[PDB]
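Before any comments, here is the structure.
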Amino acid sequence: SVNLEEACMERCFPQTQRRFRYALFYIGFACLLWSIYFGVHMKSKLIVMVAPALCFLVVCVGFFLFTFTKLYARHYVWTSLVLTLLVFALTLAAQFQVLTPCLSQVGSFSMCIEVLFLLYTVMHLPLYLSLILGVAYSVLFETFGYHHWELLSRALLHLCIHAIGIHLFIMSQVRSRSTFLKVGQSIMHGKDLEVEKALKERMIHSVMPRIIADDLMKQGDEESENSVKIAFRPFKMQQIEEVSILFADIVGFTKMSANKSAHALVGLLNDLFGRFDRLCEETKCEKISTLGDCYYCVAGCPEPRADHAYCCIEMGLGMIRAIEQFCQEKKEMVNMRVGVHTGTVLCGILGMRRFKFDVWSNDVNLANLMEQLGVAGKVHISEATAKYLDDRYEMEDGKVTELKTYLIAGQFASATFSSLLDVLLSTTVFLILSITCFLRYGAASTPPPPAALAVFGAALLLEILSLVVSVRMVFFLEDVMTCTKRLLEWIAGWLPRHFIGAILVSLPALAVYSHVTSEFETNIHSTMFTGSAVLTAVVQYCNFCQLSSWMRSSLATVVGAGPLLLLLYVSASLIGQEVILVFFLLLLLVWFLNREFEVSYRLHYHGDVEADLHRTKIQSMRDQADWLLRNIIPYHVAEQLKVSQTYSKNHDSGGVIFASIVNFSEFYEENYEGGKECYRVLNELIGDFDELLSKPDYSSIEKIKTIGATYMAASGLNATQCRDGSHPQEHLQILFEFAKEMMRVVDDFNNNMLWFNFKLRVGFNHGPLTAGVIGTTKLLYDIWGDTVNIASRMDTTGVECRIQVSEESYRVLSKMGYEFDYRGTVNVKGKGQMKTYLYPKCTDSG
Amino acid sequence: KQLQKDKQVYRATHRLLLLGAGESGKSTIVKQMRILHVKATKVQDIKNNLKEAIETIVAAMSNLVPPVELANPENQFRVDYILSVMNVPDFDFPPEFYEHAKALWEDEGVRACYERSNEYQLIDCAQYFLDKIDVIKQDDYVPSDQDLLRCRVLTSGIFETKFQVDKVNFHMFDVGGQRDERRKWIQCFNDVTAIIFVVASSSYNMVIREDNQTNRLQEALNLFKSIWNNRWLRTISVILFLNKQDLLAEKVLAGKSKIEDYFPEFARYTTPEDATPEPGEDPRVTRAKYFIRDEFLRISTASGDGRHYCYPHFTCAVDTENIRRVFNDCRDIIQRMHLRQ
Ligand SMILES: Nc1nc2c(ncn2[C@@H]2O[C@H](COP(=O)(O)OP(=O)(O)OP(O)(O)=S)[C@@H](O)[C@H]2O)c(=O)[nH]1
Ligand SMILES: [Mg+2]
């Protein structure tokens, strides 16, 4: 905190100059009133009591209008210093010409008091410097007043005033510094919550289409916001009609990715996909996601259109030309077959993990197959689009080599801490005051006034017990009883707070007023003595800045003024006039002062709660955005992206599992409103699979994505070092265990399913693969490789209630103690005959 | 935005999901509700239902441990006549067919077949229309609303119906009860208001059309057990009914079928003291209906955990007054439950 404490005053300078202006105002007003008083009635026998006040007054107004100075931002310190010194000289010179017996102690005394408080308040002197100047000024004033018990009494007055003053000063200063730290943290929170909001917005837009993303930017229904923190999991899914759908599988993509760098593949893939994105925005089409050797897009689903078919097919043409260029830009003689179909789709998002907005219908599968049945280069279109293709393109009935399809090619500092310290100082000072009030009587072996000793002991015990309250509140010993502490500090409310503080600050005055019934009024010495006493007493009330302004001010006011105006008739008469004058002006001072200070207090509280709210909000926001990021991507890849633009990672080993719900589509009836409730059931299932991921042991697995009836998982990725305590390839088992789990899970799901059973088949492979991500402002991480389509087209060929397993995986898993009954040999696209293994040991008869 | 109010008028609605096996009365009861709070082929299908029933008796005539012989075998051609039209997709229903149906309907071999109706799948309103249609043997008659409610239509798929009861919105869903349809009911399980599971009370001595080997009542019991435990159903109370009170009472009065024969738990069974029977009600019938009542209550007793409750009542669907009164009571219950959320 070197130049930061500088910045503190940098924003404290305005309020500081404000306080300073008002201070100088009061000072000049005081000098003026003292001049006119010493002029009007008495002490007209000399002019050196008034002319000094006049020149000091004009010096003060010059200080005031001078504060507008510019070469001031550091010199104001010495300005305050020298101004105090002027006050010092003025008061002491006006003081010394005394000791004639007709001047009073209390006049110059009160003067010094005001000087000390004002300095303590505004002048900002370093603790050491402020303190030494205070004590020096006090000793000098009292020693000039010298020209046995009285002197030590006055010295005690000096020192207790110094105590209360240093208290006030340190409180003001710590308030300033803490409040500055608070506003700093709060603006920190503003300028970081903005960027958190922006980042999560980039996220949500890179997961959901602009329209529905901005819909989610309304935060109207807190149901989706309850997903951050119950029968049917909530979700928003709408049926939409007459949109276009386009798929594209990279022709022989596998053979293309034969020997890529596991990083160059990443670039070229993301390159061509950024090309496709460049297209879709122009062509007015919404890409959805990218399925390995394939990728797909929709036409005007959020925003219905009539030319949506045109948009989609022209996007297809653009893709054709782009793959053409890259085919002779990178010189990769690899094309892509493309298909399209129009109809209706139920669109929404399902699943709590890795979920991305997606679309489903029979039309989906229709376009999908029409693509994977469509020729390279020429788009495989449907009758459903031909009916309003409008023949503005190269209509070609593309008959397959085997439903009316066609082809186209173109056309510290705690508030409690505060209370404890201020109570401490209040009781200590009041104590030493009444101490002097006793030792005031030094000649008698035992002083007469007994009620003084009574209230002495009484208030002593009251304040010391409140002290014990505070000290066991802070040091936290809990020696008596925590129930007592709780029930006995519940009374420390907010308004009873006011009242108990009021009484605790009121008690010193009545305490010293134990000496009021006796005779003092004849003695002019005891008179000025008790005047000094009562003024020193009333000026104490300031110290509880945690207590109200109107309250404390009026209380001090009445408790000081009452008995003195009373004894103004009990007398040494004109001194009554002068003392009530000084008492009054002092009251106005302390009134305004405690006013402005309680202001400082309210301000600090306000700032504290405000910055606390902002901290809570940024906490929640970072929580939610982290949650979405972890939804879209894994963790170690989040590490990489923060340090790397892109990502790329090969894995020689890795297990991959596909779970495909066979009997879904047949279970799916469309005679309802598209039967979308069946999709609600599907979403329920997918959520009950997501919970399987958050299992601790199953935290080891990574859900890649989901494709309608498809659930896709894999592992061997978060694995960054083979541990001596873990067998290197045992994850394949725990991955396999996952299969054994969810296969079981659906039965429970089927157990809640009456007179029907869902049946899924699960295909597993293991081996090498690669992981990468698509792009920025559109985030998606995924995997590719031979094992990928191997296991995909594998589970494509499985059987429900049984586990189709690759043979090489079959070996290592048999070695992992697992049992398999041989299935046979199957035919894979590009892979010919492949030996397979079923896990369940003849689940059927045999 | 016109949506800030619509969602609340949805919140101001009652979703009434109907369950129950086929031929339970779900179609019947939703027909009843429409009448109580709200284009000619209706008259046709009735005859078809007739055409069904007239077959069911004669078909099952040879399908009993005795081959059911006519008291008048000379009308066997009549039988054959029906067996001639035993499967006619369309049918003009010629008057000679009406005569052939009636003549055998008065036959007492046909009577002995019909009286053993339990031993084969058969509609419920059979004997009723077997006399009501003699009134509409001609063609210029519009059947009664009583026939309308007794019209046997097979429920297949979500049949939504809306209406209003004194400024309260109600939206019921008729849904079939046959085994395959039970794959559908799940679709309606989303935040429905009240779940009316009706059971054909008189279907304790008969088996379902699925396998003809599982007791209709025992079947529905297992069904209700399953659903009372459904992971999405542990949170909404269930309103239960017992349709065809009258037919069950006739079963008792006939004293031919024995509940203890079908379910011995009734022999050693005691009438509960909280029974509130109607005047002139056979105490044995009161015993039996509450026997079944608890038999279902038992399932709603072994679980629920105070999160979803049963409220078993009684119902005869052809008695619109029964429906009205019990439904008013149910309206009270459901308007209570509506805000339970
Ligand atoms: N006597 C009498 N018959 C009834 C009563 N309720 C229903 N039925 C009879 O049950 C038969 C079938 O009724 P129905 O409404 O179709 O049952 P369901 O529950 O809808 O069965 P489904 O439509 O899914 S096939 C009809 O022939 C009707 O006469 C009743 O309260 N009393
Ligand atoms: Mg029905």
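Labels for the structure tokens follow display order: chains A, B, ..., residues from 1 in each chain, ligands from 1.
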### Message
I need the chain A residues near chain B as a PyMOL selection string; criterion: at most 12 Å, counting only C-alpha atoms.
### Response
chain A and resi 220-221+230-235+664+666-682+684+748-758
### Polymer residues at most 8 Å from segment 563-570 of chain A, only C-alpha atoms, same-chain spacing of 6 or more positions, as an MDAnalysis selection string
chainID A and resid 521 576 580
Output file for the selection above: N, CA and C atoms, as a PDB file, in the first residue's frame:
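Result file follows (part.pdb):
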ATOM      1  N   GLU A 521     -19.664  27.439  44.393  1.00  0.00           N
ATOM      2  CA  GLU A 521     -19.975  28.689  43.713  1.00  0.00           C
ATOM      3  C   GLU A 521     -19.259  29.878  44.323  1.00  0.00           C
ATOM      4  N   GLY A 576     -20.879  33.425  34.258  1.00  0.00           N
ATOM      5  CA  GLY A 576     -21.965  32.594  33.774  1.00  0.00           C
ATOM      6  C   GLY A 576     -22.307  32.893  32.330  1.00  0.00           C
ATOM      7  N   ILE A 580     -21.720  30.135  29.363  1.00  0.00           N
ATOM      8  CA  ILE A 580     -22.829  29.610  28.579  1.00  0.00           C
ATOM      9  C   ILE A 580     -22.613  29.921  27.109  1.00  0.00           C
TER      10      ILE A 580
END
Distance query segment 715-719 of chain A at most 8 Å, only C-alpha atoms, self and fewer than 5 positions along chain excluded, as a PDB file with N, CA and C atoms, in the first residue's frame:
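For reference, around34.pdb as written:
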ATOM      1  N   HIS A 636      -8.996 -30.476 -18.831  1.00  0.00           N
ATOM      2  CA  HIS A 636      -7.631 -30.303 -19.307  1.00  0.00           C
ATOM      3  C   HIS A 636      -7.597 -29.538 -20.617  1.00  0.00           C
ATOM      4  N   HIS A 651      -3.989 -39.970 -29.079  1.00  0.00           N
ATOM      5  CA  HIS A 651      -4.010 -40.966 -28.011  1.00  0.00           C
ATOM      6  C   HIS A 651      -3.900 -42.340 -28.655  1.00  0.00           C
ATOM      7  N   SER A 653      -3.977 -45.110 -27.314  1.00  0.00           N
ATOM      8  CA  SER A 653      -4.946 -45.998 -26.699  1.00  0.00           C
ATOM      9  C   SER A 653      -6.149 -45.191 -26.247  1.00  0.00           C
ATOM     10  N   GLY A 654      -7.314 -45.823 -26.298  1.00  0.00           N
ATOM     11  CA  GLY A 654      -8.534 -45.192 -25.851  1.00  0.00           C
ATOM     12  C   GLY A 654      -9.743 -46.055 -26.122  1.00  0.00           C
ATOM     13  N   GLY A 655     -10.638 -46.145 -25.144  1.00  0.00           N
ATOM     14  CA  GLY A 655     -11.842 -46.931 -25.297  1.00  0.00           C
ATOM     15  C   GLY A 655     -13.027 -46.080 -25.687  1.00  0.00           C
ATOM     16  N   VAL A 656     -13.889 -46.622 -26.539  1.00  0.00           N
ATOM     17  CA  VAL A 656     -15.037 -45.898 -27.061  1.00  0.00           C
ATOM     18  C   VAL A 656     -16.252 -46.806 -26.997  1.00  0.00           C
ATOM     19  N   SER A 700     -14.090 -40.698 -13.929  1.00  0.00           N
ATOM     20  CA  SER A 700     -13.009 -41.098 -14.816  1.00  0.00           C
ATOM     21  C   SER A 700     -13.423 -41.176 -16.278  1.00  0.00           C
ATOM     22  N   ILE A 701     -14.712 -41.233 -16.571  1.00  0.00           N
ATOM     23  CA  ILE A 701     -15.168 -41.387 -17.946  1.00  0.00           C
ATOM     24  C   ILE A 701     -15.555 -40.027 -18.507  1.00  0.00           C
ATOM     25  N   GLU A 702     -15.529 -39.908 -19.833  1.00  0.00           N
ATOM     26  CA  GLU A 702     -15.880 -38.676 -20.527  1.00  0.00           C
ATOM     27  C   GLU A 702     -17.017 -38.960 -21.495  1.00  0.00           C
ATOM     28  N   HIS A 731      -8.579 -48.669 -17.212  1.00  0.00           N
ATOM     29  CA  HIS A 731      -9.727 -47.815 -17.490  1.00  0.00           C
ATOM     30  C   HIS A 731     -10.699 -48.505 -18.432  1.00  0.00           C
ATOM     31  N   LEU A 732     -10.169 -49.261 -19.393  1.00  0.00           N
ATOM     32  CA  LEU A 732     -11.015 -50.030 -20.294  1.00  0.00           C
ATOM     33  C   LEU A 732     -12.016 -50.869 -19.521  1.00  0.00           C
ATOM     34  N   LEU A 735     -14.486 -48.306 -17.868  1.00  0.00           N
ATOM     35  CA  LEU A 735     -15.346 -47.936 -18.979  1.00  0.00           C
ATOM     36  C   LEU A 735     -16.344 -49.045 -19.266  1.00  0.00           C
TER      37      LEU A 735
END
### Message
Applying 10 Å and only C-alpha atoms, which residues near residue 308 of chain A remain after dropping the ones on its own chain fewer than 5 positions away? List them as number ranges by chain.
### Response
A: 242-245, 283-285, 298-301, 303, 313-314, 342
Dump of N, CA, C and O atoms for the selected residues, as a PDB file, in the first residue's frame:
ATOM      1  N   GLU A 242     -41.783 -27.611 -41.572  1.00  0.00           N
ATOM      2  CA  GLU A 242     -41.337 -27.172 -42.895  1.00  0.00           C
ATOM      3  C   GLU A 242     -40.025 -26.388 -42.820  1.00  0.00           C
ATOM      4  O   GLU A 242     -39.950 -25.196 -43.122  1.00  0.00           O
ATOM      5  N   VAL A 243     -38.986 -27.098 -42.404  1.00  0.00           N
ATOM      6  CA  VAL A 243     -37.627 -26.608 -42.528  1.00  0.00           C
ATOM      7  C   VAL A 243     -36.838 -27.628 -43.331  1.00  0.00           C
ATOM      8  O   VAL A 243     -37.280 -28.756 -43.560  1.00  0.00           O
ATOM      9  N   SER A 244     -35.657 -27.209 -43.759  1.00  0.00           N
ATOM     10  CA  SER A 244     -34.791 -28.023 -44.594  1.00  0.00           C
ATOM     11  C   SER A 244     -33.634 -28.511 -43.746  1.00  0.00           C
ATOM     12  O   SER A 244     -33.245 -27.849 -42.782  1.00  0.00           O
ATOM     13  N   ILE A 245     -33.089 -29.664 -44.106  1.00  0.00           N
ATOM     14  CA  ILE A 245     -32.060 -30.335 -43.332  1.00  0.00           C
ATOM     15  C   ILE A 245     -31.023 -30.873 -44.300  1.00  0.00           C
ATOM     16  O   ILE A 245     -31.374 -31.483 -45.317  1.00  0.00           O
ATOM     17  N   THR A 283     -25.729 -17.715 -46.494  1.00  0.00           N
ATOM     18  CA  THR A 283     -26.825 -18.516 -47.015  1.00  0.00           C
ATOM     19  C   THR A 283     -28.033 -18.527 -46.096  1.00  0.00           C
ATOM     20  O   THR A 283     -29.077 -19.054 -46.482  1.00  0.00           O
ATOM     21  N   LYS A 284     -27.914 -17.964 -44.895  1.00  0.00           N
ATOM     22  CA  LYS A 284     -29.009 -17.900 -43.931  1.00  0.00           C
ATOM     23  C   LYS A 284     -29.466 -19.304 -43.539  1.00  0.00           C
ATOM     24  O   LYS A 284     -30.623 -19.691 -43.715  1.00  0.00           O
ATOM     25  N   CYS A 285     -28.519 -20.072 -43.006  1.00  0.00           N
ATOM     26  CA  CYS A 285     -28.779 -21.425 -42.540  1.00  0.00           C
ATOM     27  C   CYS A 285     -28.035 -21.646 -41.232  1.00  0.00           C
ATOM     28  O   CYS A 285     -26.976 -21.055 -41.007  1.00  0.00           O
ATOM     29  N   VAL A 298     -29.316 -26.912 -40.682  1.00  0.00           N
ATOM     30  CA  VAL A 298     -30.752 -26.760 -40.838  1.00  0.00           C
ATOM     31  C   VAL A 298     -31.032 -25.428 -41.510  1.00  0.00           C
ATOM     32  O   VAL A 298     -30.168 -24.557 -41.607  1.00  0.00           O
ATOM     33  N   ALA A 299     -32.269 -25.272 -41.961  1.00  0.00           N
ATOM     34  CA  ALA A 299     -32.685 -24.079 -42.687  1.00  0.00           C
ATOM     35  C   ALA A 299     -33.878 -23.461 -41.969  1.00  0.00           C
ATOM     36  O   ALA A 299     -34.975 -24.019 -41.948  1.00  0.00           O
ATOM     37  N   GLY A 300     -33.648 -22.296 -41.370  1.00  0.00           N
ATOM     38  CA  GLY A 300     -34.713 -21.474 -40.829  1.00  0.00           C
ATOM     39  C   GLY A 300     -35.574 -22.135 -39.777  1.00  0.00           C
ATOM     40  O   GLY A 300     -36.792 -21.937 -39.750  1.00  0.00           O
ATOM     41  N   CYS A 301     -34.959 -22.919 -38.901  1.00  0.00           N
ATOM     42  CA  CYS A 301     -35.710 -23.563 -37.833  1.00  0.00           C
ATOM     43  C   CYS A 301     -36.120 -22.547 -36.772  1.00  0.00           C
ATOM     44  O   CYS A 301     -37.312 -22.452 -36.458  1.00  0.00           O
ATOM     45  N   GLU A 303     -36.002 -19.288 -37.181  1.00  0.00           N
ATOM     46  CA  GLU A 303     -36.678 -18.274 -37.971  1.00  0.00           C
ATOM     47  C   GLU A 303     -37.280 -18.909 -39.209  1.00  0.00           C
ATOM     48  O   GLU A 303     -36.558 -19.159 -40.185  1.00  0.00           O
ATOM     49  N   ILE A 313     -29.904 -25.568 -50.135  1.00  0.00           N
ATOM     50  CA  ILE A 313     -29.249 -26.193 -51.278  1.00  0.00           C
ATOM     51  C   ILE A 313     -28.128 -25.314 -51.801  1.00  0.00           C
ATOM     52  O   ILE A 313     -27.095 -25.817 -52.253  1.00  0.00           O
ATOM     53  N   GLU A 314     -28.296 -23.997 -51.744  1.00  0.00           N
ATOM     54  CA  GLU A 314     -27.217 -23.118 -52.154  1.00  0.00           C
ATOM     55  C   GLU A 314     -26.057 -23.208 -51.185  1.00  0.00           C
ATOM     56  O   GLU A 314     -24.894 -23.149 -51.598  1.00  0.00           O
ATOM     57  N   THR A 342     -36.633 -31.975 -46.582  1.00  0.00           N
ATOM     58  CA  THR A 342     -37.426 -30.949 -45.931  1.00  0.00           C
ATOM     59  C   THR A 342     -38.635 -31.581 -45.265  1.00  0.00           C
ATOM     60  O   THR A 342     -39.126 -32.624 -45.693  1.00  0.00           O
TER      61      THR A 342
END
Taking only residues of chain B that have an atom at most 6 Å from an atom of ligand 1, what is each one's shortest atom pair and its distance in Å to one decimal, using only C-alpha atoms and all ligand atoms, in chain and number order, as a Markdown table?
| residue | atom | partner | partner_atom_place_in_ligand_line | distance |
| --- | --- | --- | --- | --- |
| B:20 | CA | ligand 1 | 19 (O) | 5.8 |
| B:21 | CA | ligand 1 | 19 (O) | 5.9 |
| B:22 | CA | ligand 1 | 21 (O) | 3.4 |
| B:23 | CA | ligand 1 | 21 (O) | 3.1 |
| B:24 | CA | ligand 1 | 19 (O) | 3.3 |
| B:25 | CA | ligand 1 | 15 (O) | 3.1 |
| B:26 | CA | ligand 1 | 19 (O) | 3.3 |
| B:27 | CA | ligand 1 | 15 (O) | 3.3 |
| B:28 | CA | ligand 1 | 15 (O) | 3.3 |
| B:123 | CA | ligand 1 | 27 (O) | 5.3 |
| B:124 | CA | ligand 1 | 27 (O) | 4.4 |
| B:125 | CA | ligand 1 | 29 (O) | 4.0 |
| B:150 | CA | ligand 1 | 29 (O) | 4.1 |
| B:152 | CA | ligand 1 | 27 (O) | 4.5 |
| B:153 | CA | ligand 1 | 16 (O) | 5.0 |
| B:154 | CA | ligand 1 | 25 (S) | 3.9 |
| B:155 | CA | ligand 1 | 23 (O) | 3.7 |
| B:176 | CA | ligand 1 | 24 (O) | 3.3 |
| B:177 | CA | ligand 1 | 24 (O) | 4.4 |
| B:243 | CA | ligand 1 | 31 (O) | 4.9 |
| B:244 | CA | ligand 1 | 31 (O) | 3.8 |
| B:247 | CA | ligand 1 | 1 (N) | 5.7 |
| B:316 | CA | ligand 1 | 31 (O) | 3.4 |
| B:317 | CA | ligand 1 | 31 (O) | 3.2 |
| B:318 | CA | ligand 1 | 31 (O) | 4.9 |
### Message
I'd like the neighbourhood of residue 88 of chain B as a list in words, where a residue qualifies if any of its atoms comes within 12 Å (using only C-alpha atoms), though same-chain residues fewer than 3 positions away should be ignored.
### Response
residues 48, 51, 52, 55, 81, 82, 83, 84, 85, 91, 92 and 93 of chain B
Selection export as a PDB file, in the first residue's frame, atoms kept: N, CA and C atoms:
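Listing of out20.pdb after writing:
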ATOM      1  N   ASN B  48     -73.014 -52.311 -35.063  1.00  0.00           N
ATOM      2  CA  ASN B  48     -71.766 -53.055 -35.155  1.00  0.00           C
ATOM      3  C   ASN B  48     -71.411 -53.684 -33.819  1.00  0.00           C
ATOM      4  N   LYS B  51     -73.608 -56.246 -33.735  1.00  0.00           N
ATOM      5  CA  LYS B  51     -73.068 -57.256 -34.632  1.00  0.00           C
ATOM      6  C   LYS B  51     -71.938 -58.022 -33.962  1.00  0.00           C
ATOM      7  N   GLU B  52     -71.161 -57.335 -33.128  1.00  0.00           N
ATOM      8  CA  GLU B  52     -70.153 -58.029 -32.342  1.00  0.00           C
ATOM      9  C   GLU B  52     -70.799 -58.971 -31.338  1.00  0.00           C
ATOM     10  N   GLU B  55     -72.410 -62.100 -32.378  1.00  0.00           N
ATOM     11  CA  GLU B  55     -71.415 -63.102 -32.721  1.00  0.00           C
ATOM     12  C   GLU B  55     -70.815 -63.728 -31.473  1.00  0.00           C
ATOM     13  N   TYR B  81     -76.605 -68.286 -40.175  1.00  0.00           N
ATOM     14  CA  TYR B  81     -76.773 -66.946 -40.722  1.00  0.00           C
ATOM     15  C   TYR B  81     -75.802 -65.973 -40.076  1.00  0.00           C
ATOM     16  N   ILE B  82     -75.797 -65.919 -38.745  1.00  0.00           N
ATOM     17  CA  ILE B  82     -74.813 -65.100 -38.050  1.00  0.00           C
ATOM     18  C   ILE B  82     -73.410 -65.573 -38.395  1.00  0.00           C
ATOM     19  N   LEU B  83     -73.180 -66.886 -38.327  1.00  0.00           N
ATOM     20  CA  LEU B  83     -71.901 -67.434 -38.750  1.00  0.00           C
ATOM     21  C   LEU B  83     -71.620 -67.172 -40.220  1.00  0.00           C
ATOM     22  N   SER B  84     -72.653 -66.912 -41.022  1.00  0.00           N
ATOM     23  CA  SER B  84     -72.421 -66.505 -42.399  1.00  0.00           C
ATOM     24  C   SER B  84     -71.902 -65.080 -42.473  1.00  0.00           C
ATOM     25  N   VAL B  85     -72.402 -64.201 -41.611  1.00  0.00           N
ATOM     26  CA  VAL B  85     -71.948 -62.819 -41.573  1.00  0.00           C
ATOM     27  C   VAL B  85     -70.976 -62.675 -40.415  1.00  0.00           C
ATOM     28  N   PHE B  91     -71.677 -53.772 -43.438  1.00  0.00           N
ATOM     29  CA  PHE B  91     -72.931 -54.484 -43.250  1.00  0.00           C
ATOM     30  C   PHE B  91     -74.066 -53.477 -43.267  1.00  0.00           C
ATOM     31  N   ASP B  92     -74.996 -53.655 -44.199  1.00  0.00           N
ATOM     32  CA  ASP B  92     -76.184 -52.818 -44.246  1.00  0.00           C
ATOM     33  C   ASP B  92     -77.140 -53.097 -43.098  1.00  0.00           C
ATOM     34  N   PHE B  93     -76.925 -54.183 -42.352  1.00  0.00           N
ATOM     35  CA  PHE B  93     -77.828 -54.628 -41.302  1.00  0.00           C
ATOM     36  C   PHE B  93     -79.237 -54.764 -41.860  1.00  0.00           C
TER      37      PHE B  93
END
### Message
If you run DSSP on the backbone here, which positions in segment 91-267 of chain B get alpha helix (DSSP H)? Please write them as number ranges by chain.
### Response
B: 95-106, 108-115, 126-132, 145-149, 216-228, 245-254, 259-262
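Once residue 833 of chain A and its same-chain neighbours fewer than 5 positions away are set aside, residues 794, 806, 807, 824, 825, 826, 827 and 828 of chain A remain within 12 Å of it when counting only C-alpha atoms.
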### Task
Grab the atom CA of residue 224 of chain A to atom CA of residue 639 of chain A distance for me, in Å with one decimal place.
27.5 Å
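Nearest residue to ligand 2, choosing from B:322, B:156, B:76, B:341 and counting only C-alpha atoms and all ligand atoms: B:156.
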### Message
Using only C-alpha atoms and all ligand atoms for the distances, tell me which of B:242, B:199, B:113, B:292 is nearest to ligand 2.
### Response
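Among B:242, B:199, B:113, B:292, it is B:199 that comes nearest to ligand 2.
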### Query
Pick the closest to residue 514 of chain A from A:450, A:304, A:493, A:184: which is it, counting only C-alpha atoms?
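So, comparing all the options, the nearest one is A:450.
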